[PDB]
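So the mapping is simple: our numbering equals the position in the sequence shown, first residue as 1, plus 13. Beta carbons are placed, not taken as given, at the ideal position from N, Cα and C, and that holds for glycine. What follows is a single structure, written as structure tokens, with notes after it.
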Amino acid sequence: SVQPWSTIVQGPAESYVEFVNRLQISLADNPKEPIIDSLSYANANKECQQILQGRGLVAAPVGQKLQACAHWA
């Protein structure tokens with residue numbers, strides 16, 4: 014019905030790094046870059062999506078997204 018990584022959603026209290034890590038595990042187990050770069054925005058929680066929208070990093074590589082959300086607690 015759904016691809017396995019599609020259900021990897023950042024928890025309300027889960028850090029952005031840990032969410033990205035979970036997503037990287039799901040993908041490694043089941044081209045990774047275009048999928049991590051899209052889902053690391055779409056599957057992120059309201060709070061972290063709001064950071065990426067405001068800084069204009071929606072389309073940025075995951076590394077830059079990680080750097081931007083590193084201080085979200």
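Given this structure, state the Cα-to-Cα distance separating residue i from residue j, to the nearest angstrom.
i             : j          : result
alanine 83    : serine 14  : 33 Å
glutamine 63  : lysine 78  : 12 Å
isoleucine 48 : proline 25 : 22 Å
Where does residue i sit, in a helix, a strand or coil, going by DSSP?
i             : result
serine 19     : helix
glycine 76    : helix
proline 25    : coil
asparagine 34 : helix
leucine 70    : coil
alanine 55    : helix
So, using beta-carbon positions, are residue i and residue j closer together than 7 Å?
i          : j            : result
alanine 57 : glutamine 16 : no
Any heavy atom of the ligand FAD closer than 6 Å to the Cβ of residue i?
i            : result
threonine 20 : In the structure shown, the ligand FAD is absent, as is every other ligand, since no ligand is present at all.
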